[PDB]
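Asks: Starting off with a structure, shown below.
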Amino acid sequence: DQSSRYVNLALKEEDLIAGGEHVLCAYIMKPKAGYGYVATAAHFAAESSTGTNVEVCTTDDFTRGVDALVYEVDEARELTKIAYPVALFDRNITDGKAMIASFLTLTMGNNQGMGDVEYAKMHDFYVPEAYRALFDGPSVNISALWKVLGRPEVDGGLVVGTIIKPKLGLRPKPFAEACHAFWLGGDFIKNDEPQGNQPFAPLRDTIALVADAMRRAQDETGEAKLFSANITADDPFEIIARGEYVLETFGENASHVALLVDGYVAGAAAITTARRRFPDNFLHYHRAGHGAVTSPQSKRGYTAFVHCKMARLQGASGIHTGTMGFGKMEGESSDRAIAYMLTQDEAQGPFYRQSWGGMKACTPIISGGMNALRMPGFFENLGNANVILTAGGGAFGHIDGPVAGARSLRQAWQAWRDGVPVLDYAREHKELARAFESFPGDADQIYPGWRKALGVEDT
Amino acid sequence: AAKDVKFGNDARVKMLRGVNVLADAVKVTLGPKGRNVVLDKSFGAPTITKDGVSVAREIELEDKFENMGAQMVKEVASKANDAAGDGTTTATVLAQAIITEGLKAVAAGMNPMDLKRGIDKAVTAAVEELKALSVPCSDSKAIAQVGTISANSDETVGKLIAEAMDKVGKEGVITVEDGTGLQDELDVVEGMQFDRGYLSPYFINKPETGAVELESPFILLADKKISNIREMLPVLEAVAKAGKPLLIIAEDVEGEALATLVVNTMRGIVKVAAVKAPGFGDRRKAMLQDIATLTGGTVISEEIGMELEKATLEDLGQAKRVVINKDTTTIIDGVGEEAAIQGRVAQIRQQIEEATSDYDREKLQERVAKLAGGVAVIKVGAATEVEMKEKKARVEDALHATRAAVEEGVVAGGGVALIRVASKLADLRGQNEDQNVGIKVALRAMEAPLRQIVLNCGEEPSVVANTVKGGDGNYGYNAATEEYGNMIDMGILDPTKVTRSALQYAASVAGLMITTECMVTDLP
Amino acid sequence: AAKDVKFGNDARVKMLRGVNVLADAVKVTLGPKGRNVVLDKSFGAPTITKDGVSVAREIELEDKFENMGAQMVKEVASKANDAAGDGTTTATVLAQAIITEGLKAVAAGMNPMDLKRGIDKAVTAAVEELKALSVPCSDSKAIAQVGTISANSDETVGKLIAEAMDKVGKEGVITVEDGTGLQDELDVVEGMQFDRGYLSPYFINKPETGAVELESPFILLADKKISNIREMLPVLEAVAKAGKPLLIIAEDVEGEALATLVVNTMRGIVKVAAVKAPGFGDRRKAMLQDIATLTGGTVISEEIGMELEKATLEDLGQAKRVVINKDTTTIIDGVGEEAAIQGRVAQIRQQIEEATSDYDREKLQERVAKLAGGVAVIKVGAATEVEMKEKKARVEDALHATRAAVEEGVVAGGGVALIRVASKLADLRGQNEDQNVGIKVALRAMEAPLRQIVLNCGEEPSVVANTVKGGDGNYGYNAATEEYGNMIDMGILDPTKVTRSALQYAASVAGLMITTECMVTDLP
Amino acid sequence: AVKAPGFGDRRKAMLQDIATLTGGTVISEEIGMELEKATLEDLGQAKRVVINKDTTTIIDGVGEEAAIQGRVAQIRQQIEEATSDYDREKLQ
């Protein structure tokens with residue numbers, strides 16, 4: 001019985017790297033100062049995991065790891081490294097797959113309710129390069145789908161677009177096509193995401209799919225359809241008959257033709273038919289963030305970034321991680337340690353670096369303000385994620401101007417093939433400091449960009 | 001899509017209602033008896049203030065017509081906020097007078113354009129009369145008095161600001177502080193001030209707190225990291241033979257440079273102060289010339305066409321005293337000629353003309369204020385956050401009032417001059433009868449400030465208005481004493497810039513709003 | 001949701017019940033006849049407590065207007081948390097007094113400007129009279145008395161705290177600890193204690209358990225880290241001939257360093273111990289500089305011209321004794337000259353006089369106490385977590401009282417001195433009738449706390465009020481004995497300045513609430 | 001010194017228009033010529049030019065009518081355009 005005495009891992013991540021077949025899935029048991037001991041384990045896995053009519057077992061039988069087999073290392077700061085093992089589960093001759101109820105009981109840690117979300121920033125623990133052994137392995141995005149046409153992997157191009165004024169509405173193709181007829185940055189337009197044939201939808205639900213019948217201007221017109229015309233149907237049982245073998249003229253460009261990724265009803269369900277052929281249905285989410293759960297007034301959401309570690313198949317251009325956590329009350333080892341981790345002058349380390357046996361694009365999102373004039377800022381770790389530098393259009397009120405910069409899905413090509421340090425992320429331009437005239441809600445207390453709005457006669 | 005149109009008074013009533021609500025919100029807030037209103041905040045605490053325009057920003061009514069009318073009349077409140085902040089009360093009250101008297105007497109029918117032209121030329125005549133009647137202000141005692149008037153009849157901070165004015169002259173600037181001392185305090189820091197401190201604690205020097213206090217410093221300017229420009233030992237030896245220390249404005253520091261400074265300052269004769277760049281690149285390079293002219297030197301940088309490496313004893317500027325803490329830096333005085341200083345001042349004069357509003361203007365004003373004198377540091381006198389904010393709002397209102405009075409002169413308070421000159425030029429004639437009607441409506445509505453002042457005092461507006469009209473010159477009614485009195489003797493004087501701005505803005509907005517014949521709303 | 005406007009009494013009416021509800025929550029709780037209220041948390045267990053501010057922190061009702069009145073009145077409770085921590089019940093009864101007086105003032109209609117003038121004048125006069133009535137406190141028995149009354153006459157724990165205060169001195173600072181047993185225990189920690197224990201089980205010195213206890217140790221400052229060069233032998237071997245203990249201070253210890261330390265510990269070369277990096281840069285710099293100065297150590301840094309190879313035998317630090325355990329390393333005392341120690345304490349006091357005046361200064365107070373005092377530990381014998389919370393609230397209130405009395409001293413508690421000074425401040429006069437009315441209204445407002453004190457035990461209000469107001473000196477009423485007597489015999493002595501701060505916050509909040517004109521809220 | 005930040009084709013067109021106006025010829029890589037095959041007479045000239053911090057002003061040109069009317073003849077068809085709204089406004 002009990003839970004432990006099965007894994008006595010007593011070494012740091014170095015041992016978790018040497019094994020190679022260690023996959024981590026669990027919740028951090030860091031009891032919040034203020035919340036006392038009993039509730040930390042009461043709401044961990046006792047009532048939020050499975051429901052657990054009596055108890056269940058796998059066909060292999062005698063699995064010792066139903067509970068959290070915690071090898072968590074706790075000597076300095078309670079750095080939590082806990083895994084729900086998957087490699088020790090049922091291993092079969094040809095497929096290696098377990099039964100129906102095996103994964104259903106243990107692997108879906110649910111933080112549905114517990115207060116462990118006030119501030120919890122989780123930086124880097126990732127499945128190493130030894131992942132292709134008995135697993136499929138996703139490492140492809142739109143920067144790697146049409147890669148032969150000019151996109152390399154890491155920050156090397158994309159298909160996600162910036163929109164010139166007007167922001168959205170009065171769809172460009174009839175009259176505002178000149179905004180899209182500028183290959184200089186108008187190249188792939190998307191609309192607001194909370195739309196489609198949802199049960200809670202307005203009268204426009206008919207319009208979305210109707211956008212399919214107006215694809216008549218992609219062949220004889222001289223332009224290729226690159227709008228997110230929201231025609232991805234809900235009911236799939238129609239394509240079955242004809243399109244299978246030859247008539248696949250629509251293409252693999254799930255991020256050129258529209259795709260509905262709202263985060264609740266679609267996910268990555270495409271796994272079934274396309275285990276190996278087309279595992280890349282792009283994470284087609286319109287760029288909306290910092291307005292749903294991050295705000296202390298409106299907190300609607302949850303934390304699942306640890307469990308999203310398998311989701312790299314989508315090619316994420318947006319994930320609702322949260323915020324840096326700036327504001328409220330500071331002091332008592334003030335929360336400005338974001339700067340104090342690297343910007344401190346009298347620090348030193350001679351020996352090791354960031355090498356977790358399988359590095360990939362990993363850089364936190366620029367929130368608030370981070371300009372190239374603050375070159376001693378955010379460019380230390382990697383500086384770029386699977387995104388392209390695109391912020392509010394405060395200084396972007398011109399037709400062509402610096403034509404190179406506005407190339408949202410093209411200047412990344414040059415700015416990563418230029419090969420000039422981590423500055424490539426902000427190699428584009430630096431006048432973004434004026435963009436605060438448009439969007440206030442990113443710099444509110446520390447940066448002096450809000451000083452003009454209010455606060456008595458001072459500048 | 002959902003649109004509804006209402007025409008004439010059918011719409012007007014609703015608009016009137018909303019405007020009337022605004023009047024109810026506003027009129028009770030001014031006067032010796034009036035009270036200030038509290039602004040709801042979901043995150044934090046509602047804040048008590050006199051700020052009417054903020055209220056209008058946060059006023060909301062369920063009726064679509066009324067709510068949108070409130071937001072569209074909010075524009076004049078915002079524009080009046082742009083200049084002073086008080087006397088916006090006067091613009092609001094004259095707007096209520098306009099709407100009330102006009103809409104109750106004209107009953108539409110007549111031409112809004114002719115009425116607007118008449119009131120516009122009447123406004124022009126009132127502007128002329130106000131310019132003619134403006135009385136200059138000379139004594140700083142009257143300056144303190146008018147600041148107190150702007151300070152809601154509060155004298156201690158007013159005389160504090162007056163003494164600050166005496167110390168710093170016209171060019172001096174002030175600071176705003178949060179939760180510092182809870183009681184009034186005023187000091188002045190003279191000379192140039194830098195938003196940096198010494199990077200290495202190893203620079204503990206003779207003054208306490210480990211500060212760096214050096215007489216006759218020698219300045220060095222650098223926009224690069226110095227490794228081989230370590231070969232300044234001729235200049236370094238010249239400084240050592242001079243007997244006075246030197247200061248470094250290097251942009252970046254080599255590890256060898258930092259180490260050699262640490263070792264040679266600890267035991268030696270050359271104690272040097274080294275600090276990082278003050279701020280952003282643009283303003284830094286702009287104020288490099290300010291430093292050069294202040295110390296009488298020339299800017300030392302590689303990206304200019306003098307020399308990248310060479311340096312002489314005359315290349316560096318000379319100063320009197322530097323006092324530096326771990327966070328803040330100050331240079332008391334530098335050895336610079338007045339000729340080049342005012343030449344830079346002259347080029348800054350053309351620099352003053354700009355339309356960027358924020359950013360460059362604020363830094364240029366700050367750097368020039370330090371170029372001329374010093375900055376006034378203050379500890380606010382108040383117990384709570386709202387009290388501090390109200391005190392600071394009164395302080396800035398007093399500052400604006402002093403500026404406008406010094407540049408323009410003063411007039412008798414209560415708008416009595418306005419109604420007096422309106423009586424003086426009552427014979428104004430227009431193009432047609434409608435224009436004369438507009439002229440007469442405007443002159444009658446100009447009484448609104450005093451009418452509301454009397455009404456708020458719990459006294460009959462008509463009686464006191466008639467008595468004041470009987471009074472002449474600088475004699476009239478003191479509302480604070482609820483008796484008679486001379487405005488000069490009571491010291492209630494108003495700079496006229498705010499009056500002119502408010503009257504122009506309110507006249508324009510009333511003239512545009514009166515011409516309405518249809519109103520459009522969105523339906524739920 | 002949508003905005004709702006309420007004018008005058010409409011808001012005022014609402015405001016009433018708001019604080020009334022708060023009063024119903026709070027006023028009855030004080031005193032031995034006072035009880036405790038339950039504040040439950042959905043995830044956790046309910047907390048039943050008597051601390052008024054603890055009640056106030058989570059106060060919220062359904063009504064918008066009552067909620068906003070509550071959030072104004074919660075500001076004084078939050079400020080009490082920040083500064084005092086007790087007398088929160090006094091702040092609440094002050095709020096009840098001021099709301100009653102405000103409604104009465106609105107009933108009569110005095111000018112709020114004059115009202116707040118009278119309020120602040122009376123408050124300042126009360127401050128002056130209290131300062132006149134101040135009584136010094138130095139002996140330990142009065143310390144025990146104030147600790148008991150703060151813990152509601154808890155003689156056992158109060159005497160425990162007084163004894164701890166005596167043995168650790170004034171500079172000794174006490175911490176909060178978890179409860180395991182059924183009885184309290186007191187621990188004193190001297191010198192620098194830090195989370196540093198031996199890495200390898202071979203580091204066991206004579207006192208078993210890997211504990212290294214060295215008298216008069218010899219301490220090496222090995223800046224940063226040393227793995228590859230690995231040869232600290234120029235001093236290591238020299239002290240090995242000296243046959244003396246060795247202490248190493250390095251940020252990181254590698255397999256080679258552990259190997260050679262094991263060699264020294266096992267083969268018997270010489271007794272050597274090492275210590276890891278402390279932590280953040282600021283903390284490590286501070287606690288290494290202070291130790292080196294106190295122990296007479298040598299500032300050693302490869303950041304400065306210095307090496308482990310380029311070292312002097314005089315670099316050793318010296319202490320009295322050091323005790324290292326599995327996780328914690330403790331320096332009991334250091335060997336240093338008196339003049340240098342007092343000079344370093346003087347410079348750290350110069351650090352005390354910091355513009356930060358915040359938790360940085362508290363981490364500095366850690367260092368200051370280790371300079372002079374020590375760490376005090378009261379490990380409570382609490383059985384359950386909620387009783388632990390109540391115990392710790394009591395002891396923290398006692399700590400606040402003791403620390404406040406350290407600087408201020410104590411005066412008669414229970415409001416007897418307060419009603420005495422109010423009776424004195426009964427001769428105050430104002431400028432006009434409004435000011436005099438405001439002063440006398442403040443007189444009843446300060447009478448209110450004492451009469452609610454009387455009614456908390458349900459005693460004769462008029463008899464107590466008359467017999468106390470007529471009386472003077474130490475003659476007063478005790479709730480613990482519920483009878484008259486000498487104040488010194490009753491021994492309810494309180495550092496008044498916390499009450500001073502509370503009453504001036506009360507004055508400020510009364511001044512803001514007397515600005516009640518109109519309110520706009522959101523729909524539920 | 002003047003730097004042209006604009007879009008390629010339109011920037012080239014406006015520079016060649018400048019050269020024609022001032023009687024000069026563009027030293028451009030659109031021709032196979034460079035500084036090595038270039039003369040001081042190929043430089044543009046004017047009679048009176050005024051430059052400020054923000055803007056530049058050329059008052060007199062040298063292209064007289066030969067360049068101006070030739071460019072007008074080639075631009076008359078350009079006056080009508082398919083970009084329609086305000087592109088023609090910028091052309092005029």
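In the structure tokens, chains take the letters A, B, ... in the order shown, each chain's residues start at 1, and ligands count up from 1 in the order shown.
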From a DSSP calculation on the backbone, collect every residue of region 6-67 of chain D in alpha helix (DSSP H) and output the set as a PDB file with C-alpha atoms, in the first residue's frame.
Replies:
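Contents of result-v2.pdb, as written:
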ATOM      1  CA  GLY D   8      11.648  51.090 -53.619  1.00  0.00           C
ATOM      2  CA  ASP D   9       9.882  51.823 -56.903  1.00  0.00           C
ATOM      3  CA  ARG D  10       8.251  55.072 -55.790  1.00  0.00           C
ATOM      4  CA  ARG D  11      11.480  56.266 -54.165  1.00  0.00           C
ATOM      5  CA  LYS D  12      13.352  55.560 -57.406  1.00  0.00           C
ATOM      6  CA  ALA D  13      10.692  57.365 -59.439  1.00  0.00           C
ATOM      7  CA  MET D  14      10.788  60.425 -57.204  1.00  0.00           C
ATOM      8  CA  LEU D  15      14.602  60.516 -57.236  1.00  0.00           C
ATOM      9  CA  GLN D  16      14.668  60.398 -61.032  1.00  0.00           C
ATOM     10  CA  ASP D  17      12.032  63.139 -61.044  1.00  0.00           C
ATOM     11  CA  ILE D  18      14.313  65.174 -58.773  1.00  0.00           C
ATOM     12  CA  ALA D  19      17.212  64.643 -61.170  1.00  0.00           C
ATOM     13  CA  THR D  20      15.122  65.695 -64.165  1.00  0.00           C
ATOM     14  CA  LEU D  21      13.854  68.758 -62.288  1.00  0.00           C
ATOM     15  CA  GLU D  64      14.112  73.653 -67.822  1.00  0.00           C
ATOM     16  CA  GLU D  65      11.428  72.473 -70.287  1.00  0.00           C
ATOM     17  CA  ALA D  66      13.261  69.605 -72.003  1.00  0.00           C
ATOM     18  CA  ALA D  67      13.100  67.335 -68.960  1.00  0.00           C
TER      19      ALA D  67
END
Asks: Would you pick out the contacts of residue 439 (chain C) at 12 Å or less, using only C-alpha atoms, so that residues sharing its chain but fewer than 2 positions from it are not included, and give the list as JSON, numbers by chain?
Replies: {"C": [101, 105, 110, 114, 115, 116, 117, 118, 119, 120, 121, 122, 123, 124, 125, 126, 422, 423, 425, 426, 427, 428, 429, 430, 431, 432, 433, 434, 435, 436, 437, 441, 442, 443, 444, 445, 446, 507]}
Asks: Using N, CA and C atoms, can you export the residues from the last selection as an mmCIF file, in the first residue's frame?
Replies:
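Ended up saving to result-v6.cif:
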data_model
loop_
_atom_site.group_PDB
_atom_site.id
_atom_site.type_symbol
_atom_site.label_atom_id
_atom_site.label_comp_id
_atom_site.auth_asym_id
_atom_site.auth_seq_id
_atom_site.Cartn_x
_atom_site.Cartn_y
_atom_site.Cartn_z
ATOM 1 N N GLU C 101 -21.385 61.953 14.973
ATOM 2 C CA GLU C 101 -21.206 63.392 15.016
ATOM 3 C C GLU C 101 -21.422 64.011 13.643
ATOM 4 N N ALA C 105 -24.047 66.817 12.688
ATOM 5 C CA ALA C 105 -23.594 68.047 12.050
ATOM 6 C C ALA C 105 -24.406 68.352 10.802
ATOM 7 N N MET C 110 -23.303 72.623 9.944
ATOM 8 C CA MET C 110 -22.094 73.431 10.014
ATOM 9 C C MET C 110 -21.260 73.271 8.746
ATOM 10 N N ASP C 114 -14.851 74.488 8.403
ATOM 11 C CA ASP C 114 -14.671 74.818 9.811
ATOM 12 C C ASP C 114 -14.734 73.575 10.682
ATOM 13 N N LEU C 115 -15.554 72.598 10.297
ATOM 14 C CA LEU C 115 -15.655 71.372 11.076
ATOM 15 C C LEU C 115 -14.322 70.641 11.115
ATOM 16 N N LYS C 116 -13.684 70.480 9.956
ATOM 17 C CA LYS C 116 -12.399 69.797 9.925
ATOM 18 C C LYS C 116 -11.306 70.643 10.563
ATOM 19 N N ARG C 117 -11.408 71.972 10.469
ATOM 20 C CA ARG C 117 -10.475 72.824 11.201
ATOM 21 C C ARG C 117 -10.562 72.560 12.698
ATOM 22 N N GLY C 118 -11.780 72.550 13.238
ATOM 23 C CA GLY C 118 -11.944 72.266 14.653
ATOM 24 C C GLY C 118 -11.466 70.874 15.015
ATOM 25 N N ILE C 119 -11.732 69.901 14.143
ATOM 26 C CA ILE C 119 -11.326 68.526 14.410
ATOM 27 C C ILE C 119 -9.810 68.426 14.508
ATOM 28 N N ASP C 120 -9.097 69.003 13.537
ATOM 29 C CA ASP C 120 -7.645 68.880 13.547
ATOM 30 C C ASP C 120 -7.027 69.694 14.675
ATOM 31 N N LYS C 121 -7.609 70.853 14.991
ATOM 32 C CA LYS C 121 -7.129 71.635 16.123
ATOM 33 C C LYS C 121 -7.280 70.856 17.421
ATOM 34 N N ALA C 122 -8.441 70.227 17.614
ATOM 35 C CA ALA C 122 -8.659 69.422 18.810
ATOM 36 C C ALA C 122 -7.712 68.235 18.848
ATOM 37 N N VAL C 123 -7.460 67.619 17.694
ATOM 38 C CA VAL C 123 -6.553 66.479 17.642
ATOM 39 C C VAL C 123 -5.142 66.897 18.030
ATOM 40 N N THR C 124 -4.674 68.022 17.494
ATOM 41 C CA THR C 124 -3.339 68.499 17.834
ATOM 42 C C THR C 124 -3.245 68.859 19.311
ATOM 43 N N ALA C 125 -4.290 69.488 19.851
ATOM 44 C CA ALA C 125 -4.301 69.807 21.273
ATOM 45 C C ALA C 125 -4.277 68.540 22.120
ATOM 46 N N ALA C 126 -5.013 67.511 21.695
ATOM 47 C CA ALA C 126 -4.971 66.231 22.389
ATOM 48 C C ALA C 126 -3.574 65.639 22.346
ATOM 49 N N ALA C 422 -9.274 64.768 27.063
ATOM 50 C CA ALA C 422 -10.450 65.362 26.432
ATOM 51 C C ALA C 422 -11.115 66.378 27.355
ATOM 52 N N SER C 423 -11.208 66.053 28.645
ATOM 53 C CA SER C 423 -11.744 67.002 29.611
ATOM 54 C C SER C 423 -10.890 68.258 29.668
ATOM 55 N N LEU C 425 -9.071 69.357 27.131
ATOM 56 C CA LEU C 425 -9.306 69.950 25.788
ATOM 57 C C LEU C 425 -10.763 70.411 25.682
ATOM 58 N N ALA C 426 -11.449 70.512 26.825
ATOM 59 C CA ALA C 426 -12.856 70.976 26.859
ATOM 60 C C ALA C 426 -12.873 72.507 26.931
ATOM 61 N N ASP C 427 -11.712 73.109 27.213
ATOM 62 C CA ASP C 427 -11.573 74.585 27.310
ATOM 63 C C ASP C 427 -11.129 75.149 25.955
ATOM 64 N N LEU C 428 -10.934 74.289 24.947
ATOM 65 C CA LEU C 428 -10.526 74.788 23.638
ATOM 66 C C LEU C 428 -11.605 75.670 23.018
ATOM 67 N N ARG C 429 -11.168 76.668 22.248
ATOM 68 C CA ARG C 429 -12.060 77.581 21.550
ATOM 69 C C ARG C 429 -11.664 77.663 20.083
ATOM 70 N N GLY C 430 -12.649 77.950 19.232
ATOM 71 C CA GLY C 430 -12.432 78.113 17.815
ATOM 72 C C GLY C 430 -12.624 79.546 17.351
ATOM 73 N N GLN C 431 -12.468 79.734 16.037
ATOM 74 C CA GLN C 431 -12.583 81.070 15.459
ATOM 75 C C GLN C 431 -14.026 81.553 15.407
ATOM 76 N N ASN C 432 -14.944 80.714 14.938
ATOM 77 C CA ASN C 432 -16.340 81.098 14.810
ATOM 78 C C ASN C 432 -17.198 80.057 15.512
ATOM 79 N N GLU C 433 -18.515 80.243 15.426
ATOM 80 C CA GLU C 433 -19.421 79.300 16.066
ATOM 81 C C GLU C 433 -19.277 77.911 15.472
ATOM 82 N N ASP C 434 -19.018 77.823 14.167
ATOM 83 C CA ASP C 434 -18.823 76.521 13.543
ATOM 84 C C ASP C 434 -17.643 75.797 14.170
ATOM 85 N N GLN C 435 -16.541 76.514 14.389
ATOM 86 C CA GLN C 435 -15.353 75.889 14.959
ATOM 87 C C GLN C 435 -15.572 75.480 16.409
ATOM 88 N N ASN C 436 -16.235 76.325 17.200
ATOM 89 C CA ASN C 436 -16.518 75.960 18.584
ATOM 90 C C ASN C 436 -17.434 74.748 18.652
ATOM 91 N N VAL C 437 -18.462 74.726 17.804
ATOM 92 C CA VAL C 437 -19.349 73.575 17.744
ATOM 93 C C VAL C 437 -18.568 72.334 17.354
ATOM 94 N N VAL C 441 -18.291 69.065 19.656
ATOM 95 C CA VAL C 441 -18.677 67.819 19.012
ATOM 96 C C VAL C 441 -17.546 66.806 19.081
ATOM 97 N N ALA C 442 -16.313 67.246 18.837
ATOM 98 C CA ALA C 442 -15.175 66.351 19.009
ATOM 99 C C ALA C 442 -15.043 65.912 20.462
ATOM 100 N N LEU C 443 -15.429 66.777 21.400
ATOM 101 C CA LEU C 443 -15.389 66.391 22.809
ATOM 102 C C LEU C 443 -16.312 65.208 23.082
ATOM 103 N N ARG C 444 -17.573 65.299 22.652
ATOM 104 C CA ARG C 444 -18.428 64.110 22.749
ATOM 105 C C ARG C 444 -17.910 62.945 21.913
ATOM 106 N N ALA C 445 -17.278 63.222 20.776
ATOM 107 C CA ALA C 445 -16.773 62.135 19.951
ATOM 108 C C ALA C 445 -15.704 61.343 20.686
ATOM 109 N N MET C 446 -14.873 62.025 21.469
ATOM 110 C CA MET C 446 -13.884 61.333 22.280
ATOM 111 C C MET C 446 -14.489 60.761 23.555
ATOM 112 N N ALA C 507 -9.348 61.536 12.705
ATOM 113 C CA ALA C 507 -9.615 62.919 12.334
ATOM 114 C C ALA C 507 -9.637 63.081 10.823
#
Asks: Residues of chain A within 7 Å of chain D, using only C-alpha atoms, as a PDB file with C-alpha atoms, in the first residue's frame?
Replies:
ATOM      1  CA  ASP A 400       4.939  51.713 -46.628  1.00  0.00           C
ATOM      2  CA  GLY A 401       7.664  53.618 -44.748  1.00  0.00           C
ATOM      3  CA  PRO A 402      10.257  51.136 -43.502  1.00  0.00           C
ATOM      4  CA  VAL A 403       8.874  48.464 -45.844  1.00  0.00           C
TER       5      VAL A 403
END
Asks: Any idea which chain B residues end up within 8 Å of chain A if we count only C-alpha atoms, as a PDB file with C-alpha atoms, in the first residue's frame please?
Replies:
ATOM      1  CA  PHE B  43     -10.071  47.858  -7.498  1.00  0.00           C
ATOM      2  CA  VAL B 176       5.507  65.990  -6.381  1.00  0.00           C
ATOM      3  CA  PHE B 280      17.901  57.207 -22.423  1.00  0.00           C
ATOM      4  CA  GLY B 281      20.266  57.667 -25.343  1.00  0.00           C
ATOM      5  CA  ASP B 358       4.787  64.921 -24.001  1.00  0.00           C
ATOM      6  CA  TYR B 359       8.281  63.370 -24.113  1.00  0.00           C
ATOM      7  CA  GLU B 362       9.095  67.694 -20.521  1.00  0.00           C
ATOM      8  CA  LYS B 389      -3.900  64.336  -4.142  1.00  0.00           C
ATOM      9  CA  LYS B 392      -1.249  68.647  -4.959  1.00  0.00           C
ATOM     10  CA  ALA B 393      -4.106  69.578  -7.284  1.00  0.00           C
ATOM     11  CA  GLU B 396      -0.618  72.956  -9.334  1.00  0.00           C
TER      12      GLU B 396
END
Asks: May I ask which of the residues B:395, B:94, B:248, B:38 is the closest one to chain C, counting only C-alpha atoms?
Replies: B:38
Asks: Mind checking which residues fall within 7 Å of residue 332 (chain B), counting only C-alpha atoms, ignoring those fewer than 4 positions away in the same chain, and posting them as a ChimeraX atom specification?
Replies: /B:190-192,320-322
Asks: Fewer than 4 positions away in the same chain doesn't count, so skip those; otherwise give me all residues within 6 Å of residue 296 (chain B), counting only C-alpha atoms, as a ChimeraX atom specification.
Replies: /B:292,317,335-336
Asks: Pull C-alpha atoms from the residues just selected and write them as a compact mmCIF listing (two decimals), in the first residue's frame.
Replies:
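Ended up saving to selection.txt:
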# COMPACT_ATOMS: atom_id res chain seq x y z
CA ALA B 292 29.84 70.74 -21.62
CA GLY B 317 35.27 70.86 -18.12
CA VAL B 335 33.17 76.78 -14.67
CA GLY B 336 31.28 77.86 -17.78
Asks: Separation of CA of residue 246 (chain C) and CA of residue 337 (chain C), in Å?
Replies: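 Answer for the CA of residue 246 (chain C) to CA of residue 337 (chain C) separation: 21.2 Å.
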Asks: At a cut-off of 7 Å, using only C-alpha atoms, what residues contact residue 362 (chain A)? Leave out same-chain residues fewer than 6 positions from it and give the result as a PyMOL selection string.
Replies: chain A and resi 382+384-385
Asks: Quote the spacing between CA of residue 434 (chain A) and CA of residue 176 (chain A) in Å to one decimal place.
Replies: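 Separation of CA of residue 434 (chain A) and CA of residue 176 (chain A): 25.9 Å.
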Asks: Which polymer residues have any atom within 9 Å of an atom of residue 293 (chain A), counting only C-alpha atoms, with same-chain residues fewer than 5 positions away left out, as a PyMOL selection string?
Replies: chain A and resi 298-302+320+322
Asks: From the options D:53, D:3, D:37, D:47, which residue's atoms come nearest to chain B, counting only C-alpha atoms?
Replies: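 Using only C-alpha atoms, the shortest distance to chain B belongs to D:53.
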Asks: Applying 7 Å and only C-alpha atoms, which residues near residue 299 (chain B) remain after dropping the ones on its own chain fewer than 4 positions away? List them as a PyMOL selection string.
Replies: chain B and resi 221+288-289+292
